[PDB]
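Asks:
Number of protein chains: 2
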Amino acid sequence: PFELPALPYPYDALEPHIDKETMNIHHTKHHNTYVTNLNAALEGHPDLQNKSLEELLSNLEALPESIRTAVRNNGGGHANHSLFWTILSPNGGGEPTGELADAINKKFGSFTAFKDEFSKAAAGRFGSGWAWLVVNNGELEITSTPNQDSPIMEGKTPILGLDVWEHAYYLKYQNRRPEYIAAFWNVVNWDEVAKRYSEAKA
Amino acid sequence: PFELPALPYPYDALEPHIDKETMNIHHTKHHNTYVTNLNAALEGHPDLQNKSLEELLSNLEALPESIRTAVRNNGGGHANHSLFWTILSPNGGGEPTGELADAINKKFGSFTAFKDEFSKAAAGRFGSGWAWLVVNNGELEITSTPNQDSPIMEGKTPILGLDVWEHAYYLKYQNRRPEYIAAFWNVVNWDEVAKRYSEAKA
Ligand SMILES: [Mn+2]
Ligand SMILES: [Mn+2]
Numbered sequence: 002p003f004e005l006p007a008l009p010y011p012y013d014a015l016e017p018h019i020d021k022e023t024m025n026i027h028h029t030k031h032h033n034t035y036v037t038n039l040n041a042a043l044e045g046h047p048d049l050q051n052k053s054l055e056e057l058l059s060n061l062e063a064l065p066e067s068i069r070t071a072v073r074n075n076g077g078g079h080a081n082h083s084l085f086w087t088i089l090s091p092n093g094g095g096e097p098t099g100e101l102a103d104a105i106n107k108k109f110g111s112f113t114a115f116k117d118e119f120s121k122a123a124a125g126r127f128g129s130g131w132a133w134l135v136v137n138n139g140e141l142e143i144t145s146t147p148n149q150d151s152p153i154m155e156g157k158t159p160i161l162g163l164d165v166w167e168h169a170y171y172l173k174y175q176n177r178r179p180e181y182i183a184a185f186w187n188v189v190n191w192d193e194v195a196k197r198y199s200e201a202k203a
Numbered sequence: 002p003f004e005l006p007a008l009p010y011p012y013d014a015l016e017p018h019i020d021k022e023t024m025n026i027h028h029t030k031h032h033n034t035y036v037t038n039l040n041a042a043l044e045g046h047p048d049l050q051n052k053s054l055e056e057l058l059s060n061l062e063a064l065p066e067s068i069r070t071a072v073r074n075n076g077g078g079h080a081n082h083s084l085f086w087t088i089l090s091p092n093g094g095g096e097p098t099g100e101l102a103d104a105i106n107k108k109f110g111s112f113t114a115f116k117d118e119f120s121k122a123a124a125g126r127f128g129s130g131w132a133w134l135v136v137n138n139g140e141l142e143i144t145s146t147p148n149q150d151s152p153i154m155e156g157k158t159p160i161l162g163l164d165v166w167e168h169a170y171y172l173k174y175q176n177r178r179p180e181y182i183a184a185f186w187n188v189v190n191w192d193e194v195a196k197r198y199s200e201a202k203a
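Here the protein sequences line up with chains A and C, keeping their order.
Using full-length UniProt numbering, you'd call the opening residue of the first sequence number 2 and step up by one each time.
Using full-length UniProt numbering, you'd call the opening residue of the second sequence number 2 and step up by one each time.
Structural data, given as structure tokens:
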């Protein structure tokens, strides 16, 4: 079944940009709740217990109506937060390089303009949701989704996401989401984003 | 123009059920932001500037296309928090009385049963939103809405509401929303809910 992934860094590694208390609660309680509920939803269906998260979220239409919403919300929660951890790093920040930077420069004109568009999208998502950079049939684009909806449901491959649920920033930033977004850029693991872009292109 | 209402009690008054810090921030920053953004969307539209919040939210389609969303979200936020403050009280708690008590026993069986299904409605609202006791053509019903949507848009009159945006409970309760839902019952101003129920029946 599905398992809570271990973090690749200590819970305080992202200070002062994300507080360790938030990292611990976000991971051990928010994320792990999504995993347990996801597993609970599929307990009665050996049909589905051997399918990847990507397969389930691409075939939401086919799942029984009794669990469709559970898989949507808890499967999305698991998929989104699993990606989130990997694209953070205490050694992150800076700018992308190589093929990825070249792709960003062509679609958005500059890395600066990409940051602005991504920050605007993250600030504009009313209520709970996520802001994404995705690969959509070989092309980069910025989008945002509500609640725990994953772009995989729309046939898009996420390579970078920013959780803008209030639980991701309230303890430290309270209502000041924009400076949580500003702080986010100092811990982005661009090497991981590039790896995911290299893989999504295929 | 619309203005941020004064609270009829100190920020200290609902302890230990709701922390003063949250009350202060919820009022002067979250709610205030909704009011200012509502007034800003209406600037340049003097035809809309003497219409009540109820009239605005009931005919969102009549509003121009470019401000419709701003009014739904910030108008809804203003209407919802305005009601929220009035149904909290340091002298609250207990059970309803009289007309409202009979209407609740009749429709839900008993105050305990109504509490149970109102608590589950509040807990089951995924993401941001509100739990409501509304009057719908003279009849009581429990419902919930996403984000800052107000049941006034559907033609229902809210007489009691519970804010379940994470900012409403995260500083004190973090992920434990049910703990916050349970504490909410100790500060409910049932007298206010009664006056509202009395007036919606007209
Ligand atoms: Mn989250
Ligand atoms: Mn609120």
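Each residue gets a CB set at the ideal place from its N, CA and C atoms; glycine is no exception.
Tell me whether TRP166 (chain C), by its Cβ, gets closer than 7 Å to a heavy atom of ligand 3.
Replies: Inclusion of ligand 3 in the displayed structure is not the case, the ligand content consisting of ligand 1 and ligand 2 alone.
Asks: Between the alpha carbons of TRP191 (chain A) and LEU5 (chain A), how many angstroms are there, rounded?
Replies: For the purposes of this step, residue 191 (chain A) is identified with residue 190 of the first sequence, where counting begins at 1. For the purposes of this step, residue 5 (chain A) is identified with residue 4 of the first sequence, where counting begins at 1. Cα to Cα, the separation comes out at about 23 Å.
Asks: Looking at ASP20 (chain C): is its Cβ nearer than 8 Å to the Cβ of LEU163 (chain C)?
Replies: Here residue 20 (chain C) is taken as the residue at index 19 of the second sequence, counted from 1. Here residue 163 (chain C) is taken as the residue at index 162 of the second sequence, counted from 1. No, Cβ-Cβ distance for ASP20 (chain C) and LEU163 (chain C) is not below 8 Å.
Asks: List the residues of chain C whose Cβ lies closer than 9 Å to the Cβ of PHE115 (chain A), in chain order.
Replies: Against the first sequence, residue 115 (chain A) aligns to sequence position 114. Going along chain C, no residue has its Cβ under 9 Å from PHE115 (chain A), so there is no contact; the nearest lies around 25 Å.
Asks: Mind listing the chain C neighbours of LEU172 (chain A)? Cutoff is C-beta to C-beta under 9 Å, in chain order.
Replies: Translated into the one-based positions of the first sequence, residue 172 (chain A) becomes position 171. The answer, in chain order, is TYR171, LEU172, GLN175.
Asks: Interface residues of chain A around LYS30 (chain C) at Cβ under 9 Å?
Replies: Numbered from its first residue, the second sequence carries residue 30 (chain C) at position 29. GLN175, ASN176, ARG177, listed in chain order.
Asks: My understanding is that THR146 (chain C) touches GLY130 (chain C), with C-beta atoms under 8 Å, so please give their C-beta distance in whole angstroms.
Replies: Residue numbering aside, residue 146 (chain C) sits at position 145 when the second sequence is read from its first letter. Residue numbering aside, residue 130 (chain C) sits at position 129 when the second sequence is read from its first letter. Confirmed, about 5 Å.
Asks: Spell out the partners DSSP gives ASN137 (chain A) in its beta bridges.
Replies: The count along the first sequence starts at 1 and reaches residue 137 (chain A) at position 136. Per DSSP, A:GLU140.
Asks: Where do the ends of the alpha helix (DSSP H) carrying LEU101 (chain C) lie?
Replies: Here residue 101 (chain C) refers to the residue found at position 100 when the second sequence is read from its first residue. Segment 99-109, the alpha helix (DSSP H) holding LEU101 (chain C).
Asks: Relative to ligand 2, is the shortest distance from any of its heavy atoms to the C-beta of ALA201 (chain C) smaller than 7 Å?
Replies: Locating residue 201 (chain C) in the second sequence gives position 200, where the first residue counts as 1. Not so, every heavy atom of ligand 2 lies at least 7 Å from the Cβ.
Asks: List the residues of chain A whose Cβ lies closer than 9 Å to the Cβ of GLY77 (chain C), in chain order.
Replies: For the purposes of this step, residue 77 (chain C) is taken as the residue at position 76 of the second sequence. In chain order: nothing, as chain A lies at least about 10 Å away.
Asks: Roughly how many angstroms lie between the CA atoms of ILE26 (chain C) and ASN138 (chain A), to the nearest whole one?
Replies: Along the second sequence, one-based indexing puts residue 26 (chain C) at 25. Along the first sequence, one-based indexing puts residue 138 (chain A) at 137. Rounded to the nearest angstrom, the two C-alpha atoms are 44 Å apart.
Asks: Can you tell me whether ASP150 (chain A) is buried or exposed, with buried defined as 16 or more other CB within 10 angstroms of its CB?
Replies: By 1-based counting over the first sequence, the position of residue 150 (chain A) is 149. Flag for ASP150 (chain A) reads buried.
Asks: Chain A beta carbons: is any one of them nearer than 8 Å to that of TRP166 (chain C)?
Replies: Within the second sequence, residue 166 (chain C) is the residue found at index 165, counting from 1. Cβ-Cβ to chain A under 8 Å: yes for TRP166 (chain C).
Asks: Hey, how far is the Cα of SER59 (chain C) from the Cα of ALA102 (chain C)?
Replies: Counting from 1 along the second sequence, the entry for residue 59 (chain C) is found at position 58. Counting from 1 along the second sequence, the entry for residue 102 (chain C) is found at position 101. Approximately 29 Å, taken between the alpha carbons.
Asks: Just verifying my parser: in three-state terms, what is the DSSP assignment at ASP164 (chain C)?
Replies: Walking along the second sequence from the start, residue 164 (chain C) turns up at place 163. Reduced to three states, the DSSP call for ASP164 (chain C) is strand.
Asks: Could you tell me the alpha carbon to alpha carbon distance between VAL165 (chain A) and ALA123 (chain A), rounded to whole angstroms?
Replies: Reading the first sequence from its first residue, position 164 is the one you call residue 165 (chain A). Reading the first sequence from its first residue, position 122 is the one you call residue 123 (chain A). Cα-Cα distance, rounded: 7 Å.
Asks: Taking the alpha helix (DSSP H) that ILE182 (chain C) belongs to, which residues open and close that run?
Replies: For this step, residue 182 (chain C) is matched to residue 181 along the second sequence. From DSSP, the alpha helix (DSSP H) with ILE182 (chain C) extends over 178-185.
Asks: Which residues does DSSP pair with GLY130 (chain C) in a beta bridge?
Replies: Working through the second sequence from its first residue, we reach residue 130 (chain C) at position 129. Answer is C:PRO147, bridged to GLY130 (chain C).
Asks: Looking at the unbroken alpha helix (DSSP H) that takes in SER67 (chain C), where does it start and where does it end?
Replies: Position 66 of the second sequence holds residue 67 (chain C). Where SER67 (chain C) is concerned, there is no enclosing alpha helix (DSSP H), given that its DSSP letter is neither H nor E.
Asks: Step through the CB atoms of chain A and report whether any lies within less than 8 Å of the CB of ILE182 (chain C).
Replies: Within the second sequence, residue 182 (chain C) is the residue found at index 181, counting from 1. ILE182 (chain C) does not count as touching chain A.
Asks: Does the pairing of the region 30-40 of chain A with the region 65-77 of chain A give three or more beta-carbon distances under 8 Å?
Replies: Touching, yes, given that three or more Cβ pairs across the two stretches are closer than 8 Å.
Asks: Measuring CA to CA, which of C:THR113, C:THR98, C:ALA71 is closest to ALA183 (chain C)?
Replies: The residue labelled residue 183 (chain C) in the question sits at position 182 within the second sequence. Out of C:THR113, C:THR98, C:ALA71, C:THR113 has the C-alpha closest to the C-alpha of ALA183 (chain C).
Asks: Leaving out the 5 sequence neighbours to the left and right, which residues in its chain are closer than 8 Å to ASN106 (chain A) when beta-carbon positions are compared?
Replies: Along the first sequence, read from residue 1 onward, the residue named residue 106 (chain A) stands at position 105. Within the same chain, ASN106 (chain A) has close Cβ partners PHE112.
Asks: Nearer than 7 Å: is that true of the beta carbon of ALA169 (chain A) relative to any heavy atom of ligand 1?
Replies: As a first step, residue 169 (chain A) is located in the first sequence; it is residue number 168 there, counting from the start. At least one heavy atom of ligand 1 is nearer than 7 Å to the Cβ of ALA169 (chain A), so yes.
Asks: Please determine whether the Cβ atom of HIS82 (chain C) lies at a distance below 7 Å from any heavy atom of ligand 2.
Replies: One-based indexing of the second sequence puts residue 82 (chain C) at position 81. Flag set: Cβ of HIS82 (chain C) near ligand 2.
Asks: For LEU84 (chain C) versus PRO159 (chain C), is the C-beta distance shorter than 8 Å?
Replies: Here the question's residue 84 (chain C) lines up with position 83 in the second sequence. Here the question's residue 159 (chain C) lines up with position 158 in the second sequence. Yes, the pair counts as a contact, with Cβ atoms nearer than the cut-off.
Asks: Considering only C-alpha positions, which residue in the set A:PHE127, A:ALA201, A:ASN148 is nearest to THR70 (chain C)?
Replies: Locating residue 70 (chain C) in the second sequence gives position 69, counting from the first residue. When only C-alpha atoms are compared, the closest one is A:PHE127.
Asks: What's the C-alpha gap between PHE109 (chain A) and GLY95 (chain A)?
Replies: Along the first sequence, one-based indexing puts residue 109 (chain A) at 108. Along the first sequence, one-based indexing puts residue 95 (chain A) at 94. Cα to Cα, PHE109 (chain A) sits roughly 17 Å from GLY95 (chain A).
Asks: Going by alpha carbons, who is nearest to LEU161 (chain A) out of A:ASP13, A:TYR198, A:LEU43?
Replies: By one-based count along the first sequence, residue 161 (chain A) stands at place 160. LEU161 (chain A) has its Cα closest to that of A:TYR198, out of A:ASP13, A:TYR198, A:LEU43.
Asks: Pick out whichever of C:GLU100, C:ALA104, C:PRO97, C:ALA169 has its Cα sitting closest to the Cα of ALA132 (chain C).
Replies: Here residue 132 (chain C) refers to the residue found at position 131 when the second sequence is read from its first residue. That would be C:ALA169, whose Cα lies nearest to the Cα of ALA132 (chain C).
Asks: In whole angstroms, what is the alpha-carbon distance linking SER53 (chain A) and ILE153 (chain A)?
Replies: By one-based count along the first sequence, residue 53 (chain A) stands at place 52. By one-based count along the first sequence, residue 153 (chain A) stands at place 152. The straight-line gap from Cα to Cα measures roughly 12 Å.
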